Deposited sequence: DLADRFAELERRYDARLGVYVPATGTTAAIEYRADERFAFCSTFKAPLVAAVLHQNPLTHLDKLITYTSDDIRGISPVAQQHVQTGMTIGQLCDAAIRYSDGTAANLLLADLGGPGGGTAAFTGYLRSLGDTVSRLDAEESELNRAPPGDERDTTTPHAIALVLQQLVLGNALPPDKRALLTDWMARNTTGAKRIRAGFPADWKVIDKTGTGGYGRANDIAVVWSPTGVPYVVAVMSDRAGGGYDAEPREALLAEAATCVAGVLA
């Protein structure tokens, strides 16, 4: 019983774990706490890039955005080295996904515009994909576990990623950009990627936070090219606001999923 094995991971890592793998043409869905709420953390930056792509012609990727050192907010590996030159919308999409760049995310939200610095518009994009539960409220706080702001569920975000990467939410040219940025992500080697054999292809977007939060959302392809969406979320609310996030938990959960899918 796979659910028994997920529960053992919860006890061993003193953590709460959520998993959703949508059913496919030849597999049943995998689900564990799939409708419980977990913080987005940085995983929202993947659908955020999709929302910007959706709303604009591809020429928009060449638009140069200027900003100052005081605009550097959240962990921003790329943006904080390009204050003087600025960054194009396309470079900001790249940084937001592949380096979780918080400033890039803030600028892409500002590009959507509207109240809340773009967070209302982003949430509306998720509504348009049929996601009735997720919400984004703040820009790049260690939100308490009970707070519903800035949360999703494994079920909800997996079905969002399913439509974006494997469905028709985006035209093929915009779909290919999103897929490529996730494929060359730099932050995910020790999470879902670490749970799948080397001949599976893995694209992903991570998130990490207080209360021991560690997330990874991925699309994987078997060695013969069959794709599956895998969403894994975790936290450790009982360990306090500074509980250690555990990448090994996500890797071990992904290993259990890979055993089901192989």
| remark: Not represented among the modelled residues are deposited positions 141-143
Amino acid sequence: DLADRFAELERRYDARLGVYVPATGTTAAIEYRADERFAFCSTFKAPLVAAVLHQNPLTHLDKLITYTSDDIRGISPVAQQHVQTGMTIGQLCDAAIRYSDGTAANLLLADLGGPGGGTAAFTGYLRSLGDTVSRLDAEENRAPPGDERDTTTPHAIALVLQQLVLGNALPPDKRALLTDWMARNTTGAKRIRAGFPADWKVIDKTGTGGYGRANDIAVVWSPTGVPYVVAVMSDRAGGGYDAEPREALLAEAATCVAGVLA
From here on, numbers count along this sequence of modelled residues.
| Taking only the CA atoms, which stretch has the higher mean B-factor in the record, 244-252 or 20-28? | 20-28
| task | Can you let me know which of the two, 173-181 or 142-150, has the higher average C-alpha B-factor in the entry? | result | 142-150
| task | Using the entry's values, work out which of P197, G207, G212, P47 has the largest Cα B factor. | result | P197
| task | Please rank the C-alpha B-factors of the chain's modelled residues and tell me whether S222 sits in the lowest, middle or highest third. | result | highest
| remark: Chain-relative C-alpha B factor for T88 (record values, thirds): the middle
| B-factor third for the C-alpha atom of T68 within its chain | highest
| Entry-reported Cα temperature factor of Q80, expressed as the chain third it lands in | middle
| field | Third of the chain, ranked by Cα B-factor, where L107 sits | value | lowest
